[PDB]
Amino acid sequence: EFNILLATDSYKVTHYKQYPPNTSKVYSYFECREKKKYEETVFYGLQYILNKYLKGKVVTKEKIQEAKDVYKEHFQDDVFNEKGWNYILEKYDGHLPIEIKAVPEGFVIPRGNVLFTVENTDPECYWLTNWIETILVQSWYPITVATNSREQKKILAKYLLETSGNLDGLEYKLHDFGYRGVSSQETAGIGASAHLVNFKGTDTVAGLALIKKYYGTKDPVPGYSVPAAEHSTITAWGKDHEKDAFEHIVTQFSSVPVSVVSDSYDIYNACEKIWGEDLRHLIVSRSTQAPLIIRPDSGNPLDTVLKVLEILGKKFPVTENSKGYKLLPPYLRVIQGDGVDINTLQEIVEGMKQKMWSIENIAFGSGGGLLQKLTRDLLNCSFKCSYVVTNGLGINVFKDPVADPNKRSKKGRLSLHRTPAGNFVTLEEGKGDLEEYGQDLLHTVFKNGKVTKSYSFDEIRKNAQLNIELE
Amino acid sequence: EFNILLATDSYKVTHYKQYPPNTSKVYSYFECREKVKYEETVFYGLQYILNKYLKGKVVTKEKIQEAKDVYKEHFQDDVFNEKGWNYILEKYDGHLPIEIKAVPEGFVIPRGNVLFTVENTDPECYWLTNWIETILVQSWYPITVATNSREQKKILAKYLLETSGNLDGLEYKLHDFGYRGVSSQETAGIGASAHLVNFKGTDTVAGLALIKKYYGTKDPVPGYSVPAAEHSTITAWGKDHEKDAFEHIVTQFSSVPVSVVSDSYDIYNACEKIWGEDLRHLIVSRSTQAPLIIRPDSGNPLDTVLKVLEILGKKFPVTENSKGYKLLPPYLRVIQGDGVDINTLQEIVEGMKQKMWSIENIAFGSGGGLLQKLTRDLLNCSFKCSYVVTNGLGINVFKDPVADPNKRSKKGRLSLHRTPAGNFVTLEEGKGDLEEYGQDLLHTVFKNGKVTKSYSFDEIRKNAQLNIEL
Ligand SMILES: O=C(NCc1ccc(S(=O)(=O)c2cc(F)cc(F)c2)cc1)c1ccn2ccnc2c1
Ligand SMILES: O=C(NCc1ccc(S(=O)(=O)c2cc(F)cc(F)c2)cc1)c1ccn2ccnc2c1
């Protein structure tokens with residue numbers, strides 16, 4: 001079973017002895033710190049952590065004993081605060097005396113703004129605020145995936161609109177391939193759910209169950225996929241029987257969309273000789289609701305896509321859209337699912353526009369670039385203490401390193417407001433109490449062991465929408 | 001609860017209809033594909049996955065039903081293989097008819113060798129081999145962490161031996177700060193355990209429980225930490241009371257080692273004026289077994305370390321060791337726990353050597369660099385099919401992309417052997433049956449729902465050791 005007394009950085013076990021004496025409150029906030037691009041971030045993932053790890057009776061007699069035995073051997077000493085954890089057990093039946101206020105999930109906030117604040121509601125539990133830092137900071141991950149996935153959506157939207165005149169199929173242009181490329185099972189589900197905030201296509205099944213259990217949707221499932229081949233299902237037929245492999249597969253999925261990887265031996269031979277001549281008759285007869293989706297999987301991403309399109313364009317009836325861009329027949333599409341990140345995605349769609357190919361022809365699949373190749377310093381997600389109460393007097397606290405102004409932190413009690421121009425501003429030093437800036441957009445989502453406010457996955461999707469989508 | 005029927009890439013659900021008719025055997029392998037850095041890898045983590053996800057009754061009527069309802073909505077169609085999973089449920093009581101062979105955990109294998117293989121034991125379950133590719137491939141992560149952690153140990157070992165003459169304290173030179181920098185709780189456990197294969201210092205508690213549950217050690221715990229301050233335990237005293245904070249903290253932990261972060265306002269001021277003058281008397285009186293460890297946490301890593309060292313060198317009695325390198329008094333040490341990954345680690349220790357500072361003075365903390373900033377293409381961890389049997393005839397299969405020779409896969413039944421010079425070789429096309437390279441080095445570790453071979457964390461530590469240590 002999960003034990004919250006063991007879900008923290010080791011040194012935090014010794015922190016209760018290090019605060020100023022007569023301290024009755026510790027107030028801390030979380031922010032995607034601003035750096036001297038990712039100028040706005042999608043706040044998502046907190047609700048998952050609250051339900052799975054923080055709510056309810058998280059402290060038992062046995063968990064305190066287990067933690068005591070582990071920490072004694074871990075530190076070679078008895079630094080564990082048994083009294084403090086016992087207090088919570090007896091006074092609150094193991095419920096955390098903590099109040100967490102947070103901006104609504106799905107919200108899109110510029111960098112350098114408070115996203116959530118954490119404080120203790122019992123004077124005896126001043127130490128509890130930064131005890132659960134580690135478990136709350138890990139929300140940087142669904143925030144970063146959702147933010148980075150959305151930024152890619154922006155790029156796709158821009159070029160799809162310029163080359164086709166609309167945004168049809170936009171929410172299916174970036175597919176999640178990264179189930180195998182992530183570090184663990186829990187990570188898979190979390191990351192996949194963050195991607196689904198912006199898109200509808202995924203192969204990471206783990207994210208589906210997370211959303212149903214923790215967020216919920218009106219629709220049965222939030223993510224979809226289609227039948228497809230991998231290299232094993234093709235190579236199993238033997239080197240000399242790739243055509244037999246291909247033919248068999250498209251016949252098995254004649255009435256639904258089907259993707260087939262064609263780069264096992266020679267991507268350019270398959271597209272020109274096999275798809276383009278030998279099995280052309282099985283392709284041109286397909287429905288618009290069930291196209292063949294050719295999948296190159298190696299070589300330079302831009303160069304391979306262009307050459308595949310160049311080949312297919314000469315073997316199939318190509319039309320020109322109203323914007324003047326070349327479009328494949330509705331039964332034939334291409335997916336690039338190898339080596340795709342936010343950087344190469346820009347290079348490909350930009351290169352496609354150069355050669356007058358519409359973005360309608362292409363979908364994208366991203367593995368580790370979408371889910372794994374992300375760190376906490378990308379958005380500088382940080383958790384800092386800003387306000388404490390010692391001897392009944394509250395002081396505004398902050399760090400301000402001489403060698404790095406970028407690591408300076410906010411002072412005092414914080415609040416998030418709309419500016420008169422409709423932008424966001426974080427008020428410091430409790431200045432939000434002057435009520436010059438309207439209502440604080442931070443809401444109590446957790447208090448004294450209960451989840452006090454919840455959002456469905458539908459609300460979150462609406463919040464994280466693009467301006468180009470609203471228009 | 002975990003459901004193995006929902007623990008795979010979505011398109012794999014459709015693959016059973018895609019193999020050639022009359023396929024009775026699918027045989028697949030896992031390797032860190034070959035491409036001057038990371039020439040060898042540490043095999044670790046597969047045992048965790050076998051015990052948590054693959055062993056015992058993993059199929060139930062409820063799980064089959066649950067998967068059926070999910071996939072019908074997921075594909076907007078019925079493509080799920082209910083009969084196949086029902087066969088396993090009835091015929092084997094939910095145990096997976098799967099044979100997995102593998103190299104011992106902890107083993108250091110050069111790139112491009114078979115690390116493990118997977119094949120179905122029942123003709124009816126040919127599709128099962130690659131169904132579990134996704135859960136098995138995720139072992140890239142403990143492998144990559146273990147490997148990148150060990151490569152950092154090589155660097156530290158090299159420079160510690162050079163500037164001190166021995167390897168004392170090496171297993172405590174790279175500390176794990178990665179708990180908050182990782183993508184989840186589960187990853188934190190797996191990643192931290194992978195680090196503990198090479199070192200002993202960790203702050204990620206979750207790694208200890210994983211080792212105890214899945215590997216076990218002779219000692220009560222495989223990892224250790226010391227009391228330390230964070231930026232909140234210092235700043236809470238107010239900007240005008242940093243000295244008050246320092247004094248309170250080093251007095252609470254006056255007989256045990258303690259680390260104090262000193263860059264909240266001015267790192268160079270805290271070292272020169274606060275540690276070096278005002279509270280100097282509290283430092284010089286400390287036991288050697290309980291040193292103060294100063295921790296900067298900002299600025300250029302190398303520049304900050306050197307300047308901090310030069311300041312303390314003029315405030316405290318510095319000696320010179322038998323190698324000619326400068327050494328702080330035994331009650332005073334430094335830890336750099338910011339911006340540390342394998343590249344900057346190399347830059348710092350080399351920089352210290354040039355300025356005649358011993359590596360004995362310093363230890364390193366790493367967060368995302370150690371546990372998060374890693375992907376699957378770093379060691380090119382891959383899972384591919386190499387052998388199938390259709391119509392009672394074995395076929396050696398492979399991929400060979402015309403545009404990428406590096407993505408070429410191995411052919412046929414594989415085996416791992418010792419060369420006459422004592423190196424590793426992977427034999428293809430069943431050539432291991434010729435018995436010209438001796439015995440196969442892979443062991444059977446999973447058969448028909450049962451873990452058939454395991455390793456203690458101590459044995460894994462022994463196998464992973466550096467040559468210089470041996
Ligand atoms: O091919 C894979 N999956 C199948 C697949 C096929 C097409 C599309 S699509 O985006 O074209 C698409 C989406 C969709 F929802 C409706 C639709 F009509 C068209 C997406 C996904 C796959 C999965 C994981 N991987 C890991 C490593 N490699 C892979 C490969
Ligand atoms: O300071 C942190 N932890 C405390 C700490 C301090 C010093 C050493 S040590 O390597 O000096 C050491 C090790 C040991 F086992 C014996 C010993 F004597 C000396 C190790 C650990 C810490 C933890 C997580 N973080 C995340 C972000 N930042 C942090 C910081």
# chains A, B, ... in the order shown; residues from 1 in each chain; ligands from 1
$ select_by_dssp --residues "region 359-400 of chain A" --states "helix (DSSP H, G or I)" --output "ChimeraX atom specification"
/A:359-361,368-371
$ residues_around --residues "region 377-385 of chain A" --least-positions-apart "6" --cutoff "6 Å" --atoms "only C-alpha atoms" --output "VMD selection string"
(chain A and resid 27 to 33 140) or (chain B and resid 232)
$ write_last_selection --atoms "C-alpha atoms" --output "JSON list (two decimals), in the first residue's frame"
[["chain", "number", "residue", "atom", "x", "y", "z"],
["A", 27, "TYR", "CA", 2.40, 29.09, 3.38],
["A", 28, "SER", "CA", 3.84, 27.91, 0.07],
["A", 29, "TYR", "CA", 2.95, 28.35, -3.58],
["A", 30, "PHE", "CA", 3.65, 26.69, -6.91],
["A", 31, "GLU", "CA", 4.61, 28.43, -10.14],
["A", 32, "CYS", "CA", 5.97, 27.87, -13.63],
["A", 33, "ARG", "CA", 8.82, 30.32, -13.06],
["A", 140, "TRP", "CA", 4.96, 19.55, -13.30],
["B", 232, "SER", "CA", 12.23, 27.18, 3.31]]
$ atom_distance --atom1 "CA of residue 69 (chain B)" --atom2 "CA of residue 3 (chain B)"
13.1 Å
$ residues_around --residues "region 113-126 of chain B" --least-positions-apart "5" --cutoff "7 Å" --atoms "only C-alpha atoms" --output "PyMOL selection string"
chain B and resi 23-31+97-103+416+425-426
$ residues_around --residues "residue 64 (chain B)" --least-positions-apart "2" --cutoff "8 Å" --atoms "only C-alpha atoms" --output "ChimeraX atom specification"
/B:5,59-62,66-68,82,85-86
$ interface_residues --of "chain A" --to "chain B" --cutoff "6 Å" --atoms "only C-alpha atoms" --output "ChimeraX atom specification"
/A:6,9-11,14,18-20,74-75,134,137-138,141,180-181,183-184,187,203-205,224-228,232-233,235,237,249,263-266,299,376,385,397,399-404
$ write_last_selection --atoms "C-alpha atoms" --output "PDB file, in the first residue's frame"
ATOM      1  CA  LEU A   6       7.449   7.636   2.897  1.00  0.00           C
ATOM      2  CA  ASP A   9      12.444  13.681  -0.010  1.00  0.00           C
ATOM      3  CA  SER A  10      14.441  12.158   2.856  1.00  0.00           C
ATOM      4  CA  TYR A  11      15.753  15.445   4.247  1.00  0.00           C
ATOM      5  CA  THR A  14      14.369  16.535   9.587  1.00  0.00           C
ATOM      6  CA  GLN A  18      14.766  23.516  11.641  1.00  0.00           C
ATOM      7  CA  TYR A  19      11.931  26.045  11.360  1.00  0.00           C
ATOM      8  CA  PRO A  20      11.954  29.073  13.663  1.00  0.00           C
ATOM      9  CA  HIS A  74      17.951   5.207   6.510  1.00  0.00           C
ATOM     10  CA  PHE A  75      19.401   7.956   8.715  1.00  0.00           C
ATOM     11  CA  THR A 134       7.626  16.467  -3.372  1.00  0.00           C
ATOM     12  CA  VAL A 137       5.711  19.224  -7.441  1.00  0.00           C
ATOM     13  CA  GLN A 138       5.346  16.084  -9.581  1.00  0.00           C
ATOM     14  CA  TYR A 141       4.719  16.532 -15.595  1.00  0.00           C
ATOM     15  CA  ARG A 180       6.693   2.028 -24.479  1.00  0.00           C
ATOM     16  CA  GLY A 181       8.949   5.084 -24.436  1.00  0.00           C
ATOM     17  CA  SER A 183       9.573   5.354 -17.593  1.00  0.00           C
ATOM     18  CA  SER A 184       6.659   3.525 -15.944  1.00  0.00           C
ATOM     19  CA  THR A 187       3.678   7.792 -15.961  1.00  0.00           C
ATOM     20  CA  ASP A 203      -2.508   4.297 -28.225  1.00  0.00           C
ATOM     21  CA  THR A 204      -1.554   4.533 -24.558  1.00  0.00           C
ATOM     22  CA  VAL A 205      -4.591   2.765 -23.094  1.00  0.00           C
ATOM     23  CA  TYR A 224      -9.465   6.703 -29.944  1.00  0.00           C
ATOM     24  CA  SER A 225      -7.277   4.684 -32.300  1.00  0.00           C
ATOM     25  CA  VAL A 226      -7.455   2.581 -35.463  1.00  0.00           C
ATOM     26  CA  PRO A 227      -6.181  -0.867 -36.510  1.00  0.00           C
ATOM     27  CA  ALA A 228      -2.584  -0.895 -37.722  1.00  0.00           C
ATOM     28  CA  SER A 232       6.622  -7.893 -36.652  1.00  0.00           C
ATOM     29  CA  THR A 233       3.245  -8.498 -38.325  1.00  0.00           C
ATOM     30  CA  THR A 235       8.308  -9.296 -41.293  1.00  0.00           C
ATOM     31  CA  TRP A 237       5.597 -13.222 -43.571  1.00  0.00           C
ATOM     32  CA  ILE A 249      -3.845  -6.699 -43.752  1.00  0.00           C
ATOM     33  CA  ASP A 263       9.689   0.856 -44.296  1.00  0.00           C
ATOM     34  CA  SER A 264      10.699  -2.666 -43.192  1.00  0.00           C
ATOM     35  CA  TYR A 265      12.913  -3.241 -46.229  1.00  0.00           C
ATOM     36  CA  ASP A 266      12.497  -0.319 -48.628  1.00  0.00           C
ATOM     37  CA  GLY A 299      15.380   8.231 -42.395  1.00  0.00           C
ATOM     38  CA  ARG A 376      10.910  20.129 -14.761  1.00  0.00           C
ATOM     39  CA  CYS A 385       7.548  29.136   0.721  1.00  0.00           C
ATOM     40  CA  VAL A 397       9.676  35.253   2.991  1.00  0.00           C
ATOM     41  CA  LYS A 399      14.803  33.460  -1.789  1.00  0.00           C
ATOM     42  CA  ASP A 400      16.921  35.785  -3.925  1.00  0.00           C
ATOM     43  CA  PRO A 401      20.292  34.284  -4.989  1.00  0.00           C
ATOM     44  CA  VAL A 402      22.962  36.815  -5.963  1.00  0.00           C
ATOM     45  CA  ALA A 403      24.162  34.650  -8.859  1.00  0.00           C
ATOM     46  CA  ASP A 404      20.732  33.961 -10.383  1.00  0.00           C
TER      47      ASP A 404
END
$ residues_near_ligand --ligand "ligand 1" --cutoff "9 Å" --atoms "only C-alpha atoms and all ligand atoms" --output "CSV table (one decimal) with N, CA and C atoms, in the first residue's frame"
chain,number,residue,atom,x,y,z
A,169,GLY,N,-10.1,17.9,-38.6
A,169,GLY,CA,-9.2,16.8,-38.2
A,169,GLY,C,-8.0,17.2,-37.4
A,171,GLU,N,-7.7,17.8,-34.2
A,171,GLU,CA,-7.6,17.1,-32.9
A,171,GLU,C,-7.3,15.6,-33.2
A,172,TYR,N,-6.8,15.3,-34.4
A,172,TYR,CA,-6.4,13.9,-34.7
A,172,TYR,C,-5.0,13.9,-35.4
A,173,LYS,N,-4.4,15.1,-35.4
A,173,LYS,CA,-3.1,15.3,-36.2
A,173,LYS,C,-1.9,14.9,-35.4
A,174,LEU,N,-2.0,14.8,-34.0
A,174,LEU,CA,-0.9,14.4,-33.2
A,174,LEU,C,-1.3,13.2,-32.3
A,175,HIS,N,-0.8,12.0,-32.7
A,175,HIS,CA,-1.2,10.8,-32.0
A,175,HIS,C,-0.1,10.4,-31.0
A,176,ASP,N,-0.6,9.8,-29.9
A,176,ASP,CA,0.3,9.4,-28.8
A,176,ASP,C,0.8,8.0,-29.0
A,177,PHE,N,2.1,7.9,-29.3
A,177,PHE,CA,2.8,6.6,-29.5
A,177,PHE,C,3.7,6.1,-28.4
A,178,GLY,N,3.8,7.0,-27.3
A,178,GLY,CA,4.8,6.8,-26.3
A,178,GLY,C,4.6,5.9,-25.1
A,179,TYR,N,3.7,5.0,-25.2
A,179,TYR,CA,3.5,4.0,-24.1
A,179,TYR,C,4.8,3.3,-23.7
A,180,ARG,N,5.5,2.8,-24.7
A,180,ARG,CA,6.7,2.0,-24.5
A,180,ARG,C,7.9,2.9,-24.2
A,181,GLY,N,7.8,4.2,-24.6
A,181,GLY,CA,8.9,5.1,-24.4
A,181,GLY,C,9.0,5.9,-23.1
A,200,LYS,N,-7.3,13.9,-29.5
A,200,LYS,CA,-8.3,12.8,-29.3
A,200,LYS,C,-7.7,11.4,-29.6
A,201,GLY,N,-6.5,11.4,-30.2
A,201,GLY,CA,-5.9,10.2,-30.6
A,201,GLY,C,-4.8,9.7,-29.7
A,202,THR,N,-4.8,8.4,-29.3
A,202,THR,CA,-3.8,7.9,-28.4
A,202,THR,C,-3.8,6.3,-28.5
A,203,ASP,N,-2.6,5.7,-28.3
A,203,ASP,CA,-2.5,4.3,-28.2
A,203,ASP,C,-2.2,3.8,-26.8
A,204,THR,N,-1.8,4.8,-26.0
A,204,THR,CA,-1.6,4.5,-24.6
A,204,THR,C,-2.9,4.4,-23.8
A,223,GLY,N,-10.3,9.0,-25.7
A,223,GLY,CA,-9.3,8.8,-26.8
A,223,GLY,C,-9.6,7.6,-27.7
A,224,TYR,N,-9.2,7.7,-28.9
A,224,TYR,CA,-9.5,6.7,-29.9
A,224,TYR,C,-8.2,6.3,-30.7
A,225,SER,N,-8.3,5.2,-31.4
A,225,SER,CA,-7.3,4.7,-32.3
A,225,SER,C,-7.9,3.9,-33.4
A,226,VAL,N,-7.0,3.4,-34.3
A,226,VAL,CA,-7.5,2.6,-35.5
A,226,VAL,C,-6.5,1.4,-35.6
A,227,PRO,N,-7.0,0.3,-36.3
A,227,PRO,CA,-6.2,-0.9,-36.5
A,227,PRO,C,-4.9,-0.5,-37.3
A,228,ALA,N,-3.8,-1.1,-37.0
A,228,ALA,CA,-2.6,-0.9,-37.7
A,228,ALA,C,-1.6,-2.0,-37.6
A,229,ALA,N,-0.5,-2.0,-38.4
A,229,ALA,CA,0.5,-3.0,-38.3
A,229,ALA,C,1.8,-2.5,-37.7
A,230,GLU,N,2.5,-3.4,-37.1
A,230,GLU,CA,3.9,-3.1,-36.7
A,230,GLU,C,4.8,-3.9,-37.6
A,256,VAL,N,-12.5,-0.1,-42.3
A,256,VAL,CA,-12.1,0.8,-41.2
A,256,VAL,C,-10.7,1.4,-41.6
A,257,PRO,N,-10.3,2.6,-41.1
A,257,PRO,CA,-9.0,3.1,-41.3
A,257,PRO,C,-7.9,2.1,-40.9
A,258,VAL,N,-6.9,2.0,-41.7
A,258,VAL,CA,-5.8,1.1,-41.4
A,258,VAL,C,-4.5,1.7,-41.8
A,259,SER,N,-3.6,1.7,-40.8
A,259,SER,CA,-2.2,2.2,-41.0
A,259,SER,C,-1.3,1.0,-41.2
A,260,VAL,N,-0.4,1.1,-42.2
A,260,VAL,CA,0.6,0.0,-42.4
A,260,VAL,C,2.0,0.6,-42.5
A,261,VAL,N,2.9,0.1,-41.7
A,261,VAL,CA,4.3,0.5,-41.8
A,261,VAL,C,4.9,-0.1,-43.0
A,289,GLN,N,-14.1,7.0,-45.4
A,289,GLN,CA,-14.2,6.8,-43.9
A,289,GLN,C,-13.2,5.7,-43.5
A,290,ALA,N,-12.5,5.1,-44.5
A,290,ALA,CA,-11.6,4.0,-44.2
A,290,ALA,C,-10.4,4.0,-45.1
A,291,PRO,N,-9.6,5.1,-45.0
A,291,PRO,CA,-8.4,5.2,-45.9
A,291,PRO,C,-7.3,4.2,-45.5
A,292,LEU,N,-6.3,4.1,-46.4
A,292,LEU,CA,-5.0,3.4,-46.0
A,292,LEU,C,-4.1,4.5,-45.5
A,293,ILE,N,-3.5,4.3,-44.4
A,293,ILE,CA,-2.5,5.3,-43.9
A,293,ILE,C,-1.1,4.7,-43.9
A,294,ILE,N,-0.4,5.1,-44.9
A,294,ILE,CA,1.0,4.7,-45.1
A,294,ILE,C,1.9,5.3,-44.0
A,295,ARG,N,2.8,4.4,-43.5
A,295,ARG,CA,3.6,4.9,-42.4
A,295,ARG,C,5.1,4.6,-42.6
A,297,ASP,N,9.0,5.1,-41.4
A,297,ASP,CA,9.4,4.9,-40.0
A,297,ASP,C,10.9,5.1,-39.8
A,333,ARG,N,-3.7,8.4,-46.9
A,333,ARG,CA,-3.1,9.4,-46.0
A,333,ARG,C,-1.7,8.9,-45.6
A,334,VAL,N,-1.0,9.7,-44.9
A,334,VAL,CA,0.4,9.4,-44.4
A,334,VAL,C,0.5,9.8,-43.0
A,335,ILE,N,1.2,8.9,-42.2
A,335,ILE,CA,1.5,9.3,-40.8
A,335,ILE,C,3.0,9.2,-40.6
A,336,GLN,N,3.6,10.3,-40.1
A,336,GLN,CA,5.0,10.3,-39.7
A,336,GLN,C,5.1,10.1,-38.2
A,337,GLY,N,5.6,8.9,-37.8
A,337,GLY,CA,5.6,8.6,-36.4
A,337,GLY,C,7.0,8.3,-35.8
A,338,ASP,N,8.0,8.7,-36.5
A,338,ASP,CA,9.4,8.4,-36.1
A,338,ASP,C,10.2,9.7,-35.9
A,362,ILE,N,-1.3,14.6,-43.9
A,362,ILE,CA,-0.4,14.1,-42.9
A,362,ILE,C,-0.9,14.1,-41.5
A,363,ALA,N,-0.7,13.0,-40.8
A,363,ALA,CA,-0.9,13.0,-39.3
A,363,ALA,C,0.5,12.8,-38.7
A,364,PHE,N,0.5,13.0,-37.4
A,364,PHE,CA,1.8,12.8,-36.7
A,364,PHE,C,1.6,11.8,-35.5
A,365,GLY,N,2.6,11.0,-35.3
A,365,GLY,CA,2.7,10.2,-34.1
A,365,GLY,C,4.0,10.5,-33.3
A,366,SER,N,3.9,10.7,-32.0
A,366,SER,CA,5.1,11.1,-31.3
A,366,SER,C,5.2,10.2,-30.0
A,367,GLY,N,6.4,9.6,-29.8
A,367,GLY,CA,6.6,8.7,-28.7
A,367,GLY,C,7.2,9.4,-27.5
B,9,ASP,N,0.2,-1.1,-26.2
B,9,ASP,CA,-0.2,-0.2,-27.3
B,9,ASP,C,-1.5,-0.6,-27.9
B,10,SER,N,-2.4,0.3,-28.2
B,10,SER,CA,-3.7,0.0,-28.7
B,10,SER,C,-3.8,-0.8,-30.0
B,11,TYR,N,-2.9,-0.5,-30.9
B,11,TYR,CA,-2.9,-1.2,-32.2
B,11,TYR,C,-2.5,-2.7,-32.1
B,12,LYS,N,-1.9,-3.0,-31.0
B,12,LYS,CA,-1.5,-4.4,-30.8
B,12,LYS,C,-2.7,-5.3,-30.6
B,75,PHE,N,-11.9,1.7,-30.3
B,75,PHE,CA,-11.8,1.5,-31.8
B,75,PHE,C,-13.1,1.8,-32.5
B,134,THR,N,5.2,-3.9,-24.9
B,134,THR,CA,5.1,-2.6,-24.3
B,134,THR,C,5.5,-2.5,-22.8
$ atom_distance --atom1 "CA of residue 73 (chain A)" --atom2 "CA of residue 332 (chain B)"
24.3 Å
$ closest_residue --among "B:456, B:419, B:444, B:289" --to "residue 212 (chain B)" --atoms "only C-alpha atoms"
B:456
$ closest_residue --among "B:175, B:462, B:154, B:355" --to "ligand 2" --atoms "only C-alpha atoms and all ligand atoms"
B:175
$ residues_around --residues "region 84-96 of chain A" --least-positions-apart "3" --cutoff "7 Å" --atoms "only C-alpha atoms" --output "mmCIF file with N, CA and C atoms, in the first residue's frame"
data_model
loop_
_atom_site.group_PDB
_atom_site.id
_atom_site.type_symbol
_atom_site.label_atom_id
_atom_site.label_comp_id
_atom_site.auth_asym_id
_atom_site.auth_seq_id
_atom_site.Cartn_x
_atom_site.Cartn_y
_atom_site.Cartn_z
ATOM 1 N N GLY A 56 -8.505 11.639 2.383
ATOM 2 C CA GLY A 56 -8.924 10.543 3.237
ATOM 3 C C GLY A 56 -7.995 10.279 4.405
ATOM 4 N N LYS A 57 -8.124 9.092 4.990
ATOM 5 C CA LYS A 57 -7.257 8.673 6.082
ATOM 6 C C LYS A 57 -5.930 8.171 5.524
ATOM 7 N N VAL A 58 -4.944 9.058 5.470
ATOM 8 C CA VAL A 58 -3.649 8.712 4.900
ATOM 9 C C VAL A 58 -2.632 8.344 5.975
ATOM 10 N N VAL A 59 -3.040 8.450 7.234
ATOM 11 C CA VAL A 59 -2.169 8.124 8.357
ATOM 12 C C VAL A 59 -2.791 7.042 9.234
ATOM 13 N N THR A 60 -2.055 5.955 9.446
ATOM 14 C CA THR A 60 -2.477 4.905 10.369
ATOM 15 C C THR A 60 -1.382 4.618 11.397
ATOM 16 N N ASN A 81 9.724 12.488 13.146
ATOM 17 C CA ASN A 81 8.764 13.210 13.980
ATOM 18 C C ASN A 81 7.500 12.399 14.251
ATOM 19 N N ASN A 448 -8.530 19.931 4.692
ATOM 20 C CA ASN A 448 -8.694 19.011 5.815
ATOM 21 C C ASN A 448 -9.076 17.579 5.437
ATOM 22 N N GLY A 449 -8.462 17.069 4.372
ATOM 23 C CA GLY A 449 -8.634 15.680 3.986
ATOM 24 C C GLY A 449 -9.696 15.425 2.934
#
$ residues_around --residues "residue 255 (chain B)" --least-positions-apart "4" --cutoff "8 Å" --atoms "only C-alpha atoms" --output "PyMOL selection string"
chain B and resi 286-287+289-290
$ residues_around --residues "region 274-276 of chain B" --least-positions-apart "2" --cutoff "8 Å" --atoms "only C-alpha atoms" --output "list in words"
residues 243, 269, 270, 271, 272, 278, 279, 280, 283, 312, 315 and 316 of chain B
$ atom_distance --atom1 "CA of residue 327 (chain A)" --atom2 "CA of residue 162 (chain A)"
13.7 Å
$ closest_residue --among "B:345, B:161, B:292, B:464" --to "ligand 2" --atoms "only C-alpha atoms and all ligand atoms"
B:292
